[PDB]
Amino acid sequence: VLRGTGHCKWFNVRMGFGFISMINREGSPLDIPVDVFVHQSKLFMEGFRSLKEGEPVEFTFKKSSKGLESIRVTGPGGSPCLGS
């Protein structure tokens, strides 16, 4: 279980998932961003779960055979995500 921070790259509510651009990993700025998969079920917020393109996020994630995958995604300071 690693942590990172960055921003929603895209999120498609019809698909129920999207990607986060990670720009900081384990507390270190990255020289090139790396994307992280995010499914609606992992979004920390009340009511309908989505992300808005560009919204800033903090998250835990893991490695898998299908790229990096988020475990739990919040807005800044662990606050709820905003969504679209």
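One-based numbering along the sequence shown.
Comparing 16-24 with 65-73, the higher mean C-alpha B-factor in the PDB entry belongs to 65-73. Ranked within its chain, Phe48 lands in the highest third, by CA B factor from the PDB record.
Per the PDB record, residue ranking by Cα B-factor puts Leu2 in the highest third of the chain. When the modelled residues of the chain are ordered by C-alpha B-factor, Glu55 sits in the middle third. Among all modelled residues in its chain, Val36 ranks in the lowest third by Cα B-factor.
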